[PDB]
Structures are given as structure tokens and as C-alpha cells.
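There are 2 protein chains.
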Amino acid sequence: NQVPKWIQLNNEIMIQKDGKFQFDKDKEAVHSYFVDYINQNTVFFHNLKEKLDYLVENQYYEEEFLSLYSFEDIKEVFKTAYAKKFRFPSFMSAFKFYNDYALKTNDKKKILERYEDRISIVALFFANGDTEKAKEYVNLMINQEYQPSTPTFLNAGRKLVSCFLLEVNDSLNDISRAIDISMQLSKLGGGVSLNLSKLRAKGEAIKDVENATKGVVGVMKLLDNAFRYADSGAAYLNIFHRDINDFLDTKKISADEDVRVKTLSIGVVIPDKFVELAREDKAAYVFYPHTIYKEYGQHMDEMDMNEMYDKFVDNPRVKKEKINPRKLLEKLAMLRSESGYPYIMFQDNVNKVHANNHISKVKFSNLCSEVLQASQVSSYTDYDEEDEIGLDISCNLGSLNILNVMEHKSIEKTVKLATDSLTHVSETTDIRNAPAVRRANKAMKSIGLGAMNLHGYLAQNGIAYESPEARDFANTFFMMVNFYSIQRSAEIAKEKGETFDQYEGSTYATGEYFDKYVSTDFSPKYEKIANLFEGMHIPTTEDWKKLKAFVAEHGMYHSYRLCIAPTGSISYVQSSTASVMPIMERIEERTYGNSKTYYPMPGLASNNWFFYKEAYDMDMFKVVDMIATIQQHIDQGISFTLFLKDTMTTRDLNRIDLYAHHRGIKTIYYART
Amino acid sequence: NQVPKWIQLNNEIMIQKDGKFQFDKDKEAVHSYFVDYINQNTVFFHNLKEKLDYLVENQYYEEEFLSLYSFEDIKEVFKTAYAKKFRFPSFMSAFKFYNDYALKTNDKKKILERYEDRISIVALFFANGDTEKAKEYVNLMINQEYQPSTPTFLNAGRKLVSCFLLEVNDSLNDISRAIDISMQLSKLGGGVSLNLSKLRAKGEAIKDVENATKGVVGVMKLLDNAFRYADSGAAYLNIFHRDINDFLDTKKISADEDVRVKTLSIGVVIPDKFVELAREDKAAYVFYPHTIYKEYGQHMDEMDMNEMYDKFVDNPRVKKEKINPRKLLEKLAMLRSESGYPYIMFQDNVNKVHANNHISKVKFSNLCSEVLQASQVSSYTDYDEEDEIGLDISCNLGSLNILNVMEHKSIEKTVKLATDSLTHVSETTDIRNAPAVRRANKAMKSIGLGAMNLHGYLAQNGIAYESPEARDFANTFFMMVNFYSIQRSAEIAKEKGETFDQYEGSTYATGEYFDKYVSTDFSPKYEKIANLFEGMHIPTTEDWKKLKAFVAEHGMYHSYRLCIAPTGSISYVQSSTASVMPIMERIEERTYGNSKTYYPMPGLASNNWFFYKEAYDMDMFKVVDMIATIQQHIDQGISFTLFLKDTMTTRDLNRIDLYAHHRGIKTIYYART
Ligand SMILES: Nc1ncnc2c1ncn2[C@H]1C[C@H](O)[C@@H](COP(=O)(O)OP(=O)(O)OP(=O)(O)O)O1
Ligand SMILES: Nc1ncnc2c1ncn2[C@H]1C[C@H](O)[C@@H](COP(=O)(O)OP(=O)(O)OP(=O)(O)O)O1
Ligand SMILES: Nc1ncnc2c1ncn2[C@H]1C[C@H](O)[C@@H](COP(=O)(O)OP(=O)(O)OP(=O)(O)O)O1
Ligand SMILES: Nc1ncnc2c1ncn2[C@H]1C[C@H](O)[C@@H](COP(=O)(O)OP(=O)(O)OP(=O)(O)O)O1
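Read top to bottom, the protein sequences are chains W and V. Quick note: the first sequence uses the working numbering, first residue 9, plus one each step. Quick note: the second sequence uses the working numbering, first residue 9, plus one each step.
If you want it as C-alpha cells, here you go:
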């Protein structure tokens with residue numbers, strides 16, 4: 009029943025040594041725990057050969073790509089990994105890896121993989137034939153310069169994507185098909201979310217008899233019950249609906265029998281017409297999209313509301329409903345101050361930067377609230393009858409370290425290896441239930457790249473998070489990685505000799521995304537910011553001009569390359585801080601079980617004490633200015649989590665919303681307290 | 009606000025005239041209501057031609073089969089119907105027909121069809137080309153000798169079956185497919201019920217990881233939520249399951265959050281192994297059907313429990329669960345005394361008479377608890393992958409009058425016309441969502457025929473319902489209609505030159521159903537019973553021998569011909585009593601709205617006062633003896649509703665269950681109080 013030594017060492021960290029903390033007690037809490045637990049619970053082997061034979065015979069890996077190398081090359085990459093002798097600085101480093109991310113035994117009572125082993129296997133999977141590229145993947149990974157996504161780093165050749173975005177058409181067979189597809193993907197752990205802007209409203213005529221539609225809320229109840237059969241999902245709605253108030257009745261603070269959501273996150277996508285109508289404080293008009301489909305031929309989200317609003321107003325066919333949009337703004341701010349629900353997307357601001365607007369307009373995002381692509385709704389008829397194959401969205405993940413890239417300065421080769429690995433993931437992944445997402449991943453070849461450790465690295469350098477220096481740092485750095493990513497995508501579309509589909513209507517084929525970058529040089533205007541960027545060439549606008557000429561020469565390979573997700577589940581094993589969102593506490597405190605670990609921030613001392621600020625005590629306006637500074641280079645959206653408190657008010661949240669709509673911010677996340 | 013005259017006349021019926029009731033006040037309550045309401049709210053026409061033109065142009069009928077006759081032939085059958093000048097004797101006769109069963113206007117504020125019109129249109133639909141057969145259908149219908157089923161008589165050529173029985177396989181794609189099919193048929197108003205004997209138990213391994221099955225109760229919760237999207241359904245389970253106690257937790261008298269059923273009726277199908285194990289008062293063993301499928305290869309209901317019970321006992325592979333079956337009998341009787349739930353089916357007793365036992369064994373029935381056929385479960389893979397087409401059950405309805413057939417004595421031609429009409433219904437009906445029931449209706453060509461007015465007719469003749477005279481009457485009469493139905497089916501399979509599928513393995517191809525009837529002449533042993541049957545030839549065993557030779561000569565057309573449903577919704581417009589279940593009250597009293605109609609039984613006077621007994625004051629044992637006497641001629645089951653009271657006990661209900669299992673009773677219905 010006795011607490012072991014390393015847990016007591018972690019308890020000893022919080023002992024006030026002259027007003028500070030016993031940080032080095034972590035290390036023994038590392039070092040004893042390696043000795044007393046890790047090295048005493050590992051399965052013994054006599055060599056590498058019998059170890060690999062045990063891995064083969066005990067049915068733990070796909071043996072094919074493992075047999076794409078010799079045993080000597082496998083031992084070479086293993087010796088290369090073990091030549092690091094990686095010394096974990098954090099208790100949570102080993103305390104999450106060998107606890108969760110490491111592949112253990114079948115009874116899960118001993119250790120199988122080491123920290124080098126999983127990384128080397130993932131490197132062999134990413135390289136898939138080459139030994140030296142796998143060693144480069146190791147050097148990108150064993151120095152923690154890159155970290156792949158959670159199922160990607162988890163089940164590389166074992167027994168894959170957490171981003172899925174679909175639509176729904178207005179037929180019962182479509183409803184059953186979508187229910188089936190969500191149940192198919194729910195057992196695979198992928199993040200599946202949708203949007204319901206193409207369904208008929210409550211109390212409408214179902215094709216023969218008047219006043220027959222039970223409403224969308226029954227379908228939401230059905231999907232909420234359907235998600236109770238697996239381990240989660242989400243759905244959206246365009247704002248100009250009569251049941252949009254009922255869309256606010258979903259996440260009601262009085263949890264009803266008739267409305268009881270537990271899994272489906274909601275998010276209201278607001279075009280500029282609604283903030284236009286609420287800004288003038290004039291009464292607005294939502295409509296019936298089935299009457300719109302019966303009158304004009306298309307759904308309401310098929311057309312822009314700013315054009316066709318008065319065209320719906322004067323036309324007597326589509327039935328009206330008149331409300332106050334300012335009262336809806338008040339109730340939205342009220343629900344956001346209650347919880348932080350729902351999400352808000354400025355889809356016109358998304359299309360204001362969207363390169364593939366020639367295909368469609370983005371009208372929704374994921375649960376991770378980051379991916380913004382084009383889409384097409386399908387249509388499913390009966391079983392004997394033939395159906396349709398629309399367009400879908402699937403964007404893989406995987407982050408890098410700002411700190412390790414900025415210290416090791418292999419940034420272009422980092423872009424090379426990360427792009428090749430994400431290309432390999434997009435190639436290998438296949439879906440055999442809904443062929444629409446299969447066709448979408450086959451057609452778009454879309455990837456998503458992000459990064460972490462912004463506040464911890466820059467605050468570790470002695471730079472405030474609320475500095476314009478850090479904003480210019482993000483500006484120049486993401487200009488450089490934008491240069492390298494577009495350079496790599498154009499090189500890859502050259503080397504393949506082939507680009508993604510509908511590349512010609514995008515801004516890359518016309519060079520319009522580079523039109524911002526052929527002028528307006530984002531060279532660092534601050535001295536410490538430039539000195540951090542010293543040691544490497546900063547690409548100017550002429551480099552962007554040659555990049556534009558090379559893109560117009562061949563083409564670009566990925567319709568999207570970048571997304572930013574809250575990838576906080578891997579910061580501990582990356583021995584690093586979170587993503588570009590600033591930290592909340594200098595010391596995380598957890599009760600693991602029968603214990604209290606006290607994990608401080610990595611690099612926490614008294615010099616960066618006030619550089620490691622608190623998220624409850626920051627100006628959010630400088631944060632969204634930084635968000636816009638980063639969004640100057642990101643194609644898709646960024647999951648900006650709002651860091652708020654309980655004492656704030658709804659009208660200041662409204663001012664934040666007007667400020668973000670003024671900044672052209674794409675999406676927002678659930679708020680803090 | 010004043011109560012109209014005919015309602016006051018109906019109130020005047022209950023006035024005690026020398027200890028009796030003012031029956032003839034019904035007639036003025038008929039006759040004034042015809043004058044003051046019916047003839048004042050009908051749409052005027054100048055002739056028949058403009059009336060039919062209005063029916064065509066106002067989109068009320070399928071015009072094709074109406075154009076399969078001349079206007080003169082239509083006027084001939086209309087003149088034939090109007091030559092009856094049918095005088096309604098009951099207030100509820102017109103009060104349900106022109107209120108509900110008649111096709112009214114689009115705003116439903118006037119009358120379109122007359123009582124002759126709907127009947128004549130239905131007759132033209134049944135004949136479909138012939139005028140004289142339609143007039144014969146009129147004479148069968150306008151004299152109330154036959155009444156078709158509710159959607160059949162309702163929507164004959166307008167804008168169809170209430171019996172659907174399916175199965176479920178053990179895959180998620182199968183689950184989604186069945187959910188889709190139930191949602192497809194729910195909008196069409198058909199009675200859809202299933203059985204869940206081929207699903208894995210709660211807390212079992214889902215194919216890779218141990219203890220992962222949430223259980224069948226979540227699927228039941230899902231189907232209960234899914235039926236909230238339309239206007240009802242049911243599901244069963246074989247008794248030898250570990251979750252069979254949880255099957256009793258469904259209709260729990262404490263309505264839970266976690267278990268809240270509102271639509272799904274349950275019914276436990278009990279083979280002779282369970283009453284064997286509960287009879288000896290020995291501890292029984294339910295099993296895990298997924299372990300059974302993994303061990304022997306088949307589900308548990310694939311094999312007989314009486315054989316394979318000890319083979320499951322000695323085999324250590326299938327995991328056991330040991331209970332007391334007598335305690336389950338006690339809790340079953342407790343729930344039946346609480347409500348009347350669930351249903352009880354002796355499937356071995358069903359197979360003891362089942363002619364198509366060469367196909368499979370009957371393991372379930374419908375919500376109407378009457379139809380017992382063979383079945384095969386399907387299997388549905390993914391969307392791109394190929395699926396299976398199993399067997400299903402769909403049995404049409406439609407009843408006749410014992411009184412009118414016994415008075416008009418056209419019993420063989422009644423069988424002819426009813427069989428041809430039910431054949432036409434089975435031919436015209438098609439399903440375009442689940443092709444399995446389409447294939448099943450195409451393959452079986454199965455019909456269902458029943459009758460009504462047993463207690464009212466025989467009690468109107470001066471015969472007690474609890475007489476063995478009435479039992480011999482039902483014996484001889486249903487022997488005669490069995491003779492005529494088998495004769496008609498054999499004649500029809502001769503005239504088509506073609507029988508139903510798998511006819512050769514049935515008892516009809518081997519003559520074994522006639523082996524009971526080539527001996528044991530069911531001639532009437534009572535004098536008044538025979539005198540009611542006098543005036544027509546009673547078929548002896550030699551007629552059954554020639555029938556057997558004619559069946560072996562060609563074949564029989566329908567795998568099933570007979571079923572008995574509680575068709576009480578049409579007795580009022582048939583001016584008749586209920587089905588073979590005896591009446592409960594001599595005078596039905598209803599509060600229609602702002603009123604109190606008092607509809608007595610048809611033919612209620614002081615002579616048949618004690619012949620019109622009360623169902624709370626009868627011996628149920630004579631009733632189930634009558635049930636077995638009728639079941640001596642019926643192929644399928646009969647929905648015997650239990651007529652019980654509150655003062656009775658559970659052990660007497662157990663004695664009733666043992667008595668019915670002793671009688672070979674197929675199924676039972678929900679009980680009374
Ligand atoms: N931070 C850590 N990261 C990885 N392994 C560790 C860490 N801390 C302790 N250990 C491991 C390595 C050894 O197997 C054991 C402790 O021995 P350790 O002294 O840390 O390594 P070492 O063998 O390279 O140095 P030395 O020769 O001085 O013993 O547990
Ligand atoms: N009985 C019902 N109860 C509730 N919703 C229904 C019912 N029947 C159909 N629906 C729902 C589901 C469908 O998405 C929507 C439209 O009805 P449905 O007949 O299936 O579409 P449709 O493709 O035939 O054309 P339309 O859009 O004109 O109705 O209404
Ligand atoms: N029981 C009923 N069945 C059908 N129609 C009825 C009934 N009772 C009254 N009516 C109808 C028929 C007439 O249109 C009107 C009442 O006239 P009614 O006397 O019953 O018929 P009738 O016209 O054949 O006889 P009469 O020539 O003596 O008036 O309402
Ligand atoms: N994640 C899940 N949660 C709950 N039930 C599931 C889940 N995944 C599958 N199932 C259910 C539905 C299926 O009817 C049943 C069997 O699982 P499933 O993998 O779909 O069948 P299977 O055809 O692949 O073979 P098997 O019967 O061996 O499992 O368990």
C-alpha cells in the first residue's frame with residue numbers, strides 16, 4: 009500500500025525551497041522509476057532475431073513492410089535509434105508513453121516495445137523500403153522535431169484518421185445510409201461530423217399530406233441514441249432556418265427527456281448576411297429550405313444569402329419567418345457564457361480566402377473545428393435502385409515542434425519528410441463502407457500540417473506571449489514554412505507529374521495566393537525575432553515569385569496542406585508544451601491514482617516565470633490579432649480555444665465576435681472559464 | 009350547442025321500458041341522421057358521367073382498371089348495387105362508414121362515395137375486367153357475407169398489408185439494414201414484427217476484444233426510439249437466452265429511463281424443453297448463442313433444444329447459465345397478471361401440425377399473433393459488398409360472416425370469390441425496399457382467411473356459447489370450409505397448372521393433412537347443429553379422399569390459407585358482432601364526443617339475453633376446448649384473447665398454460681381484466 013519512491017519524489021517537487029520548487033526531484037522520479045519499474049517489467053530476449061520472431065509469431069505486426077528490409081538494415085536503424093540513448097526529462101514523458109502509447113503484451117502485464125522501438129517501426133513504415141529515409145525519420149522523431157498523429161504513431165503496421173466530414177440529403181434512404189456510415193466509422197474511432205442544412209423544417213408537408221414532418225430534432229435524437237452503441241460525433245446547421253432556435257434547444261441548460269444530447273456538438277455557421285441583419289438591429293427572415301427547393305430548385309445553402317435574401321423576401325412562394333437577430337445574438341452569447349456552445353463559423357470570411365471556391369463554399373467543419381474544404385452532398389435511393397457518390401472531407405493530422413525546428417534549423421528537410429510521410433498516410437488509408445470519402449481522399453490528396461510549443465519556446469527565449477515581436481515571429485516563421493510547404497507540394501506535383509483534381513480553378517493555378525506574397529515581404533522587423541531567424545536564409549518576395557513561376561510551371565499536389573488541432577495529448581511524450589494557444593498554469597497538477605503528480609511546464613524557472621503567464625490573465629484581443637497573423641499563411645482554419653473566465657459578460661463576448669468578424673477569423677472553439 | 013335529434017334518439021335507447029331498452033330508437037337515430045345529416049352534406053351531381061369525370065380530374069382513383077370496363081357496365085354494377093337499397097340497421101353502421109371508411113372530399117367537409125359506390129369500386133378492382141364477377145363480389149359484400157381487410161377495402165385503386173415478419177442476423181450492417189426496412193414500412197402502415205433469437209448476448213466479445221457487447225437491450229432501446237418517427241412494431245426472443253430475464257425487464261412495471269418501451273410488444277416463444285425443465289422443477293441452463301455459433305456453427309434456434317440440451321450441457325465450450333425455470337414461470341404469470349404481457353408460443357406444438365416443417369420451424373408470429381409460416385434470416389454485408397436474400401412472411405387479411413354464409417348457403421362460391429380476391433391482392437401487392445419479403449410473397453403465394461360472428465349468430469339462434477353443440481358446430485363448419493378451401497386451392501393450382509414453391513415437402517403433396525380427414529368424419533352429432541347445416545351436403549371422409557386424390561393429382565396453390573385476427577374494427581359497418589371470441593357486453597356504450605351513444609349487440613333481446621353472456625363470467629376451459637376444436641382445421645394460429653379478471657390468481661393462469669400446452673394450442677394473446 010506504500011507509495012513508491014518516484015511518486016514521493018514527484019511530491020517533493022512542490023516543496024517550497026526558498027519560494028521555489030524542487031524541479032530536479034522530477035529526474036530521480038524519472039530515474040528511479042526507470043530502475044524500479046521499467047527495467048524490471050520488460051520481457052527478456054537473447055537477441056534481436058528471436059525478438060522479431062516473437063513479434064511475428066505472436067501476431068503483433070503487419071510483416072510485409074517489415075520484410076521490405078534486411079535484418080541487418082533493421083538492426084542498423086535500431087542501432088541508430090539506440091545510439092541516441094534518449095534521456096527522458098519529464099515524469100510524464102515515460103509516464104504516458106510506456107503507460108499508454110507503447111505496445112504491451114496480450115495480458116498487458118509487461119513491456120514489449122521500447123521508446124526506440126516504436127519510433128523505429130514507425131520510421132520503417134513511413135519510409136517503406138528505404139533505410140536512410142527511415143533514419144532521417146528517426147532523427148526528425150528521436151529529437152522530437154516532429155510527432156505524427158495519435159493513430160498514425162500508434163498503429164503503424166498493427167491490428168487511422170480522426171477527421172471525417174459528410175453531408176445529408178432530403179430522403180429517408182439517405183438518412184438510413186448516413187446512419188449506417190456513421191455506425192461504420194464509429195467503431196474505427198474516427199472523428200465524424202456533419203451538417204444538416206439540406207433538410208426540411210419541422211411541421212412541413214412530406215410530399216403528399218400537409219403538416220407531416222416531425223422535424224429535425226427527432227433525427228438529432230435518433231443520432232444521439234445511435235452514438236450510444238460505440239465509444240462521438242457532431243452536426244451543424246445553417247443559421248437561416250426556422251428551427252435554428254430549436255438548434256439552440258439542443259444544448260439546452262435544462263436537459264430534457266424530449267431533448268437529451270450527450271455526444272453531438274453543435275455549431276452555427278454564420279454568413280455575413282446574419283451579422284448584417286443583426287448589426288442594423290432590423291427584423292430578419294428565416295425560410296423553409298424545402299419550399300426553397302420546390303421553388304428555385306436548390307437548397308438555401310446552395311445560394312448566397314446576401315444576394316437572394318431580398319429575392320426570398322419579395323417572392324410569396326417561400327414561407328417566411330420573421331425574428332430579431334439581435335435577440336438571437338443575445339441568446340447565443342448567453343449559451344456561450346453558460347458553456348461555450350455552439351461554434352461560430354464566418355463562412356463568407358472562409359470563402360474570402362478559400363482557393364477552391366470554384367468548387368463550392370465551405371459551410372461546416374469538424375469536431376476538431378479546424379478543417380475547411382469543399383464538399384458535395386450525395387443522394388441514396390433504394391437498395392435495388394442506383395445512388396450517387398458525392399464529395400467528402402478527410403484530413404490527416406500530425407504536428408511538429410517550433411522549438412526543435414528553430415533550434416536544429418532543418419526546416420526545409422523537415423517539410424520534406426513530413427510531407428512524404430503524410431503523403432504515405434494518405435496513400436495507404438482506405439475506406440470500404442462509404443465510397444464517397446474514399447473517392448474524396450483519392451481525388452483531393454489533402455493533408456493537414458500543424459505545430460506546437462509556441463508559448464513555451466518563445467517564452468523560454470525570454471519573449472512575452474503578448475508581444476508584437478511574437479506576432480512578427482509567427483508571421484515570418486509561418487511565411488517560411490508556407491514557402492517550404494508550397495515548394496514541396498509543387499516539387500511533389502512535378503515529380504509525380506500530376507496534381508490534385510480541379511487544380512486549375514484554384515488560386516494556385518492562377519498564382520493568386522502568391523499575389524499576396526509576390527509583394528509584402530514578411531522579413532522580421534524586430535531584432536531578437538530576426539536573431540532567432542538568423543543562421544538561415546529568409547525567403548523574400550522574389551523567392552515567392554520563383555515559387556509562383558514553379559507552381560504555374562507544374563502545379564501543386566495538395567489542395568490543402570495545413571490545419572491546427574488541439575494536439576495536447578502528445579506534448580508530455582514530446583517533453584514540450586501545448587500548441588500555439590498559451591498555457592494556463594505553470595504547474596499542471598494531476599491525481600493519477602492514489603497519488604498527486606505535479607508536472608511543471610518544461611523549462612519553468614523564475615526567469616521565464618512571468619513569461620509563462622496565465623491564460624485567465626491575458627488580453628484576448630492580442631491573441632486574436634496573433635490568430636489573424638497566423639491565418640495570413642494558413643489555408644484552412646485553426647481551432648482557437650477561447651480562454652475566458654466566469655466574471656466576464658456577454659456583451660464583451662459580442663465585441664469579441666465583432667472583432668473576430670472584423671479580423672476575418674474563420675472559426676472559434678468552445679470557451680474557457 | 010344543442011345535441012341533434014338522432015343522438016337524443018340514441019340516448020333514448022337506454023330508457024327503461026318495463027325493464028328493457030328502446031331498441032327501435034336506434035332506427036330513427038339512423039333514419040333522421042340520414043335525413044338531417046347524410047343527404048344534406050353530399051356533393052351534388054347531374055349524372056353518373058360528370059361524377060366519374062370529377063373523380064378522374066380531381067385525382068382520386070387509379071383510372072386504369074376503371075377504364076377496363078365500359079361506362080354502361082359501370083352503370084350496370086352501380087344499378088345492381090343501388091337495387092339493393094341497403095337499409096342500415098345500426099347507428100354505428102353509418103356512423104363509422106361515412107365517418108371514416110368513406111372517401112370524402114379534399115377539405116373533408118362533404119361526402120363523395122356512397123355505401124354502394126365504395127363497394128362497387130372494390131368489386132371492380134377485385135374482378136379487374138369482368139362485370140359479372142364484380143356483381144357477384146357485390147352480392148357477397150352488399151349482403152355482408154364477406155368483408156375485405158381494412159386497407160384492401162379502404163384504398164382499392166386510390167392514393168395494403170398489415171402483416172410483416174422478418175429476422176435479424178448478427179452483423180452491424182444487418183442491424184442498419186433492418187432499421188432501414190422497418191422505417192420504410194412504418195410510413196406505409198403495415199404491421200411489422202420480428203424475432204431476435206440470432207443475436208449475441210450482453211457482455212460478450214465483439215470479435216476481437218473481450219466483454220464488449222452492450223447487449224440486446226440497447227438495440228431494443230434504439231428500435232423503440234426509431235419507431236417514434238412514424239405513426240408500431242414488435243420483437244421476440246427464444247427463451248433459452250441469458251438475457252431472457254432482461255427480456256422480461258423490457259415490459260417492466262417500473263418504467264425506467266434506461267428501459268422505456270412504448271411500442272414494441274414482446275412475446276416469449278416456449279418450446280417443450282422449457283416446460284419439460286420447469287415441470288420437473290429442476291434447474292435449467294440457458295446458453296450463449298454466439299458461443300453456440302462459434303462452436304457448432306449454427307444459432308441456438310437453428311437446432312432443437314430437446315435434443316441438443318444435454319449436448320450443450322456436457323460440452324465445456326458454450327458458456328452456461330443456470331436458473332430455476334419455475335421461478336421464470338412465476339414471474340411470467342406475474343407479468344401476465346400485471347398486464348397480460350408477454351405472448352407465449354409453443355413452437356413445438358406449432359411444428360407438430362406444421363405442413364411446411366421441411367423448410368424450417370416457426371419461431372415467432374406477428375403483433376396480430378396469428379400468422380405462423382416458415383422463414384429464413386438474410387445477411388447484409390457492406391454497401392459495395394454483396395448481400396443475401398432470405399425468406400419473409402406477409403399474410404393478407406379479410407373476414408367473412410358466419411351468420412350470412414349460414415343463412416344464404418353459398419359457402420363454396422363464397423370460398424371461390426374470397427380466394428380469387430385474395431389471390432388478386434397477393435398478385436397486385438409489391439414491395440420495392442426489402443426484396444426478401446417481395447421474393448417471399450412471390451414464392452409462397454400465402455393467404456389468410458378468417459370469419460366473424462360466432463357468438464352473436466349462434467347465440468342469436470338460441471345456442472349457448474359454452475355448449476358442446478357450438479363446438480361440434482365449429483368442428484363441422486370449419487371442416488366444410490376447410491374442404492372448400494383446399495378444394496379451391498387445388499382447383500386453382502390445377503387451373504394455373506402451377507403450385508407454390510417447396511410444395512413437395514409439405515404434407516399436402518404427401519396427403520398427410522388429409523390423413524386426419526380420410527377417416528374421422530366430422531358430421532354433426534347434435535340435432536340443432538345438424539339442422540342448421542341441413543339444406544346443404546356435408547362432405548364426409550370420402551369427399552376428403554377424392555379431395556386428397558385431386559390434391560395429389562395437381563397440387564395446392566397456397567402454402568397457408570387461414571388465419572384468425574381480431575377484426576373488430578369492421579363489425580359495426582358489417583352490422584354484426586365480433587369474431588369467434590365471445591362478447592363482453594350486451595350494450596357497448598361510447599362517448600363519441602359531447603354525447604353518449606349506446607350501441608347494443610345486434611339481435612339483442614330478452615330471449616338471447618342469457619345467450620349473449622358476459623366474458624367475465626365464462627369458463628375459459630370450454631373456450632380453449634373450442635379453440636382446439638377450431639384449431640383442428642386451421643393451418644396457422646388463432647389470436648385467442650384471454651378474457652380474465654382482476655380477482656384471479658397466477659397459479660390458475662399456470663394451470664391454464666398447462667391446459668393449453670396439453671391442448672397443443674399454438675399461441676395466446678394479451679389477457680383481459
Ligand atoms: N531519463 C531516462 N531516459 C531513459 N532511460 C532512463 C532514464 N533515466 C533512467 N533510465 C534508464 C537507463 C538505464 O537502463 C536505467 C538507469 O541507468 P542510467 O544511469 O540512467 O543510464 P546509463 O547506463 O546510460 O548511465 P550509467 O552508465 O552512468 O549508469 O534506466
Ligand atoms: N412517415 C414519415 N415520417 C417522417 N418522415 C418521413 C416519413 N416519410 C418520409 N419522411 C421524411 C424522410 C425524408 O428525408 C423526408 C422526405 O420524405 P421522402 O418521401 O422520403 O422523400 P422523397 O425523395 O420521396 O421526396 P420529397 O423530398 O418531395 O419528399 O421526410
Ligand atoms: N337505414 C338506412 N339506410 C340507408 N339509407 C337510409 C336509411 N335510413 C334512412 N335512409 C336514407 C334513404 C333516403 O335517402 C333517406 C330517408 O328516406 P327512406 O324512407 O329511409 O328511404 P326510401 O326513399 O326508400 O323510402 P320512402 O319512399 O318511404 O321514403 O335517408
Ligand atoms: N463498436 C461496437 N459496439 C457495439 N456493437 C458492435 C460494435 N461493433 C460491432 N458491433 C455489434 C454489431 C454486430 O451485430 C455484432 C458483431 O460485430 P461485427 O464486427 O459487426 O460482426 P462480424 O460480421 O464482423 O462478425 P462477428 O459476429 O464475429 O463479430 O456486434
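Where is the CB? At the ideal position from N, CA and C, for every residue including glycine.
With the criterion set as a beta carbon lying under 8 Å from some beta carbon of chain W, the members of the stretch 229-247 of chain V are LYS229, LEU230, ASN233, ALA234, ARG236 and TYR237, in sequence order. A straight-line Cα-Cα distance of about 15 Å links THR675/V and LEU245/V. In the structure shown, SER40/V adopts helical secondary structure according to DSSP, grouped into three states. Residue pairing from DSSP places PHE295/V in a beta bridge opposite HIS249/V and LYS328/V.
Beta bridge pairing from DSSP links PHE172/W with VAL200/W.
By DSSP's assignment, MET460/W forms a beta bridge with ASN409/W. Taking non-hydrogen atoms of ligand 3 into account, the C-beta of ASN151/V is found less than 7 Å away from none of them.
At least one C-beta of chain W is nearer than 8 Å to the C-beta of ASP390/V. Measuring C-alpha to C-alpha distances from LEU230/V to each of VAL269/V, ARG166/V, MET589/V and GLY197/V identifies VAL269/V as the nearest.
When secondary structure is reduced to three states using DSSP, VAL130/W falls in the helix class.
The set of residues whose C-beta lies within less than 5 Å of a heavy atom of ligand 3 reads, in chain order, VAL38/V, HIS39/V, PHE42/V, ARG95/V and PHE96/V.
In this structure, the straight-line span from the alpha carbon of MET452/V to that of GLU503/V is close to 17 Å. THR637/W is positioned such that its CB atom lies no closer than 8 Å to that of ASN441/W. Under the three-state reduction of DSSP, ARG344/W is assigned to helix. Taking 4 residues as the minimum length, the alpha helix (DSSP H) runs contained wholly in the stretch 198-284 of chain W are 224-234 and 252-256, in order along the chain. Interface annotation, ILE397/V: not in contact with chain W, CB-CB separation never under 8 Å.
Our two residues, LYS116/W and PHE491/W, have alpha carbons roughly 46 Å apart in a direct line. Residue side-chain check: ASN365/W keeps its Cβ at 7 Å or more from all non-hydrogen atoms of ligand 1. The Cβ atoms of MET628/V and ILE664/V lie closer than 8 Å to each other. Residue-level contact check: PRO532/V does not touch chain W, since none of the beta carbons of chain W fall below 8 Å from its beta carbon. Of all residues in the stretch 604-632 of chain W, none is placed with a Cβ closer than 8 Å to any Cβ belonging to chain V. Rounded to whole angstroms, the gap between the alpha carbons of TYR607/V and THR575/V is 18 Å. Where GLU72/V is concerned, the enclosing alpha helix (DSSP H) starts and stops at 71-74. Shown here, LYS57/W sits in a helix according to DSSP, grouped into three states. Taken in chain order, the members of the stretch 420-441 of chain V whose beta-carbon sits within less than 7 Å of a beta-carbon on chain W are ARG440 and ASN441. For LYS13/V, the CB contacts under 7 Å within the same chain, skipping 5 residues up- and downstream, are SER40 and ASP44 in chain order. Taking one beta carbon from each stretch, the stretch 174-184 of chain W and the stretch 186-201 of chain V have 3 or more pairs nearer than 8 Å; the two touch.
For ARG671/V, there is no enclosing beta strand (DSSP E), since its DSSP letter is neither H nor E. Identification of residues in the stretch 178-200 of chain W having a C-beta nearer than 9 Å to some C-beta of chain V yields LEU180, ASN181, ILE183, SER184, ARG185, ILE187, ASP188, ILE189, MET191, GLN192 and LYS195, given in sequence order. Cβ atoms of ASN409/W and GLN582/W come within 8 Å of each other, at about 7 Å. Contact of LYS112/W with chain V is not assigned, every C-beta pair being separated by 8 Å or more. In this structure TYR568/V is in contact with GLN644/V, their Cβ atoms being roughly 5 Å apart against a cut-off of 8 Å. DSSP places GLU597/V in the uninterrupted beta strand (DSSP E) bounded by 595-598. Relative to ligand 2, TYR237/V has its C-beta within less than 7 Å of a heavy atom. In this structure, ligand 2 has no non-hydrogen atom nearer than 7 Å to the beta-carbon of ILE300/W. With the criterion set as a beta carbon lying under 9 Å from some beta carbon of chain W, the members of the stretch 149-174 of chain V are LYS167, in sequence order.
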